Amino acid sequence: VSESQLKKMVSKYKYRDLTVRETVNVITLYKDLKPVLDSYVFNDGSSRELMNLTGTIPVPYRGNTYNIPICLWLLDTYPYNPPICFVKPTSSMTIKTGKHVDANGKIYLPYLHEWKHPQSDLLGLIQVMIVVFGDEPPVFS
């Protein structure tokens, strides 16, 4: 919540204004995503406090709407490097691994591999995710 609270959570980001604006634009359209500050521990055991977007995105499939839980972690160089993106299954969900999601929930898309500011942004990423996941569901009940 709140633009002021948001600016505070990204205070240590090199490109605060850009990150804030992209984030506002995302959560304006996608109201079940929310910005949170948490420590991310990388595979080498180092740790950084990063802002992430966490929540669900709506994905129509076979007549129903599936609210897929994701996490989009922004590196402190955002928006010049892409988010680290994960599907976060709940106890009622199994990951269906495939071209765009591995066994860990890591997401793979052309939008991420070809990421370049300013043409790439969070909103763009999310809509691509929704298109891809609508044809190739990353979870099942």
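In this text, residue numbers run from 1 along the sequence as written.
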* **Of 102-110 and 25-33, the stretch whose C-alpha atoms average the higher B-factor in the entry** => 25-33
* Give the stretch, out of 129-137 and 9-17, with the larger mean C-alpha temperature factor in the deposited entry. => 9-17
* **Top residue by Cα temperature factor, when 63, 83, 55, 58 are compared in the entry** => 63
* Structure fact -> In terms of its chain's C-alpha B-factors, the third that includes residue 39 is the middle
* Give the position of residue 92 by CA B-factor within its chain, expressed as the lowest, middle or highest third. => highest
* Asked: Is the Cα B-factor recorded for residue 69 in the lowest, middle or highest third of its chain?
  -> lowest
